[PDB]
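Trainee: Starting off with a structure, shown below.
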Amino acid sequence: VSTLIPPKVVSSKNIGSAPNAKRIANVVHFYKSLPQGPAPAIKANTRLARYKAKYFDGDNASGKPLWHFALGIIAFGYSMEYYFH
Amino acid sequence: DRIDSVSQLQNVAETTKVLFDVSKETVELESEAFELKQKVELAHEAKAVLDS
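The structure is reproduced here in structure tokens:
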């Protein structure tokens with residue numbers, strides 16, 4: 001004889017179907033993350049890492065590193081050809 | 105949208121409780137109404153035989 005109780009029965013009722021499914025996905029995606037640009041890790045110098053933080057950086061990454069690599073390759077090849085040819 | 109759909113069961117819970125108890129008690133106290141109604145019927149019958 002008791003009336004229905006919508007706001008009293010919300011323990012099992014969630015927000016539709018998709019919103020409750022994505023609530024767990026969105027609650028923790030924003031929890032454990034850097035606030036703003038933390039840990040840049042820019043500093044690196046290990047020849048390969050020296051190239052990474054010197055010319056191979058993605059801020060520009062223009063053809064200048066490629067031209068420098070080609071210049072070094074042809075400089076080595078000149079001596080190689082002198083040895084061979 | 106989830107926020108403003110959820111944000112309704114804060115000040116309405118007390119209203120639901122009070123409406124539930126008031127409605128149930130009013131429905132189940134109809135014994136007083138029944139007693140008054142039968143007394144009214146019998147008084148009407150007495151007055152009816154009076155004018156008869």
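Top to bottom, those sequences are chains U and Z.
Heads up, the final residue of the first sequence is numbered 85 in the deposited numbering, and it's a clean run with no missing numbers.
Heads up, the final residue of the second sequence is numbered 156 in the deposited numbering, and it's a clean run with no missing numbers.
All C-beta atoms, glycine included, are put in the ideal place defined by N, C-alpha and C.
(1) Tell me, please, whether the CB atom of residue 105/Z is closer than 9 Å to any CB atom in chain U?
(2) Does the beta carbon of residue 133/Z sit closer than 9 Å to a beta carbon anywhere in chain U?
(3) Just reading off the alpha helix (DSSP H) that residue 78/U is part of, what are its end residues?
(4) Distance, Cα to Cα, residue 156/Z vs residue 147/Z?
(5) Which chain U residues are close to residue 109/Z, counting only those with a beta carbon under 7 Å from its beta carbon?
(6) Below 9 Å between beta carbons: does that hold for residue 53/U and residue 44/U?
(7) Give a yes or no on whether the C-beta atoms belonging to residue 7/U and residue 120/Z are separated by under 9 Å.
(8) Might you give, ordered along the chain, the residues of its own chain that have their beta carbon closer than 8 Å to the beta carbon of residue 76/U, omitting 5 neighbours on each side?
Mentor: Inspection of the coordinates gives the following:
(1) yes
(2) no
(3) 64–84
(4) 14 Å
(5) 15
(6) yes
(7) yes
(8) none
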